[PDB]
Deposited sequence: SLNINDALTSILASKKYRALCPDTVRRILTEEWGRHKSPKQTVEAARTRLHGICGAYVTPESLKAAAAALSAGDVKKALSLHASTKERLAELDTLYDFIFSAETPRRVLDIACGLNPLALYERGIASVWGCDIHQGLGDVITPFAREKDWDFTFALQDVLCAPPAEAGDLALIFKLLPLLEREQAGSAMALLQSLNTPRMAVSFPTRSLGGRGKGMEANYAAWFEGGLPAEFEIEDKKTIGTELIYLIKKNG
């Protein structure tokens, strides 16, 4: 059964820090599409390889160390997604916070980004992602600096965020969400308990993300702003 497999896969050194829901979700899908030789586990296993960062413990240790030495920048350099948004990082948050600076932010599929949020003087942050290694790095930090930050090992496709806040960050995620389960991308924005959200898509290869996002955004949402910064096309929207 699935629970047996989830248990085996989570035993591996390569996947032990993975959100159990994700492994299960993927196990379940690789089953109905196969009925398998049993080794659905293989399809799932190689599906989980690039389901997360493609994030090695090696980079993780390197981060929590870089971090413990005060070098936040480098810590961020050790995470792929954050590393490329690094150069135009400040321009990016000025764009986002320009109109209203949030007290509580909900960083969806946060990654190491929360660190960048600390250095922005954001008071409260709730971040979720599918790899425990991430929280392992940011929590001791937040603790060591009495910064109100909470990490949830959670897959937004099994359960949406139950938290509330002023802003929600959905950076380069909608595409991966939509590809895993049609219509789930917008469904995520609909269930986010925030009046504002910062969404983004990669500029490089919904061939045209702008045309898709703009074309499929629910009428309850409005686009207050749009701009490209570095490798991201950003959209500031408001939920009503």
Unmodelled ranges, which are counted on the deposited sequence from position 1 and given in order
1-2, 57, 209-216, 252
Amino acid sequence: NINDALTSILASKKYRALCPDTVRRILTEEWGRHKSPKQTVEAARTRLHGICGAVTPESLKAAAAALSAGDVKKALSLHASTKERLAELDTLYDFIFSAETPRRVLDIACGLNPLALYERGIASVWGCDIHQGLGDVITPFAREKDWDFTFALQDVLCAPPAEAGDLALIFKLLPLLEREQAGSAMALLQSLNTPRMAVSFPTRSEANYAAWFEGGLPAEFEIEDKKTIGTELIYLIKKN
From here on, numbers count along this sequence of modelled residues.
Do the C-alpha atoms of 111-119 or of 140-148 have the higher average B factor in the entry?
140-148
Comparing 208-216 with 38-46, which stretch shows the greater average C-alpha B-factor in the deposited entry?
38-46
Specify which of 188, 69, 173, 198 carries the largest Cα B factor in the deposited PDB entry.
69
Per the coordinate record, which of the options 99, 125, 157, 130 holds the highest CA temperature factor?
99
Third of chain Cα B-factors occupied by residue 7:
lowest
Using only modelled residues of the chain, where does the Cα B factor of residue 135 rank: lowest third, middle third or highest third?
lowest
Going by the entry, which third of its chain does the Cα temperature factor of residue 164 land in?
middle
Name the third of the chain's ranked CA B-factors that contains residue 225, choosing lowest, middle or highest.
middle
By the entry's values, the third containing the CA B factor of residue 91 is the lowest
